[PDB]
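What follows is one chain in structure tokens, specifically the form deposited in one PDB entry.
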């Protein structure tokens, strides 16, 4: 077995054990992948979490806003996996939007400096990670990023929706570059998952008419999904990412795969 046997895969975005990236890494290891991880601010905090993965993995620092971190990334990764070895997979599982761009802050009140930052981290860095890492990927490789369907507007998500729309567009252009390396680029559009990131905005709208809206949005998902949706279980999305990292979707690129219980295909 091992869906990902022999594959070398870089996984960004682990912060806690609820992190989507955490379960992607876990399942990938269960499936025989050898991992390199990146983490952002609290590397020692991140290391404690990554120590509970089924296997050891080098953990490197990557602030996606940091051009020195980006400039050095490929060298550092090759140091980690061994000269003459290349990556077969890359997982981008990172996002951020300042508080003004989400939750209860009026949409019109977000200053562009804040929006711009969120777009830098959530959308542009998909291209910047691909730039850094494509020169060290094997033909038949796979880059995957995380998306939340922004094709319709909704409460609370606000400027992050705009950043995910940008990301979808970025992914299509990354695919054009990656194809030259024989590499695929896709997003997985996940349904809601109880993660540190959304506890943030769920917590940010406690007394408020955005918290109630978010609750309604969540309940509608499991209702719409023909197979249901369990926000407490990240593994169906981790498995989907691993599917795209495997050799089993070899003809799919510039694309989006919906791991959302089928909710997006149903009006109600």
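Residues that one form lacks are left out of the comparison. Take the two forms, find the largest set of C-alpha atoms that superpose within 1.5 Å, and that set is the rigid core. Numbering follows the first chain given and starts at 1.
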query: Selected stretch [higher average CA B-factor]: 147-155 or 97-105; finding: 97-105
query: Higher-scoring stretch by recorded Cα B factor average, 197-205 or 219-227; finding: 197-205
query: Selection from 123, 81, 115, 130 [criterion: highest C-alpha temperature factor in the record]; finding: 81
query: Assigned third (lowest, middle, highest) for the C-alpha B factor of residue 85; finding: highest
query: Cα B factor band for residue 56 (lowest, middle or highest third within the chain); finding: highest
query: Ranked C-alpha temperature factor of residue 161 among modelled chain residues, by third; finding: lowest
query: For residue 47, the third of its chain into which the C-alpha B factor falls; finding: highest
query: Residue 77 - Cα temperature factor, lowest/middle/highest third of chain; finding: highest
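The form deposited in another entry exists for this protein as well; it is not shown, and the discussion that follows is about that form.
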item: Displaced residue between the shown form and the other one, judged on C-alpha after the rigid core is fitted, out of 198, 121, 175, 188 (threshold 2 Å or more); value: 198
item: Per-residue C-alpha change between the shown form and the other one, residue 63, threshold 2 Å, rigid core fit; value: no
item: Is_shifted residue 53 between the shown form and the other one (CA, 2 Å cut-off, rigid core); value: no
item: C-alpha of residue 30 off by 2 Å or more between the shown form and the other one on rigid core; value: no
item: Sense of CA distance change between residue 117 and residue 206 in the other entry, threshold 3 Å; value: closer
item: Shared-residue segments moving between the shown form and the other one, Cα shift 2 Å or more over 3+ consecutive positions, core-fitted; value: 196-211
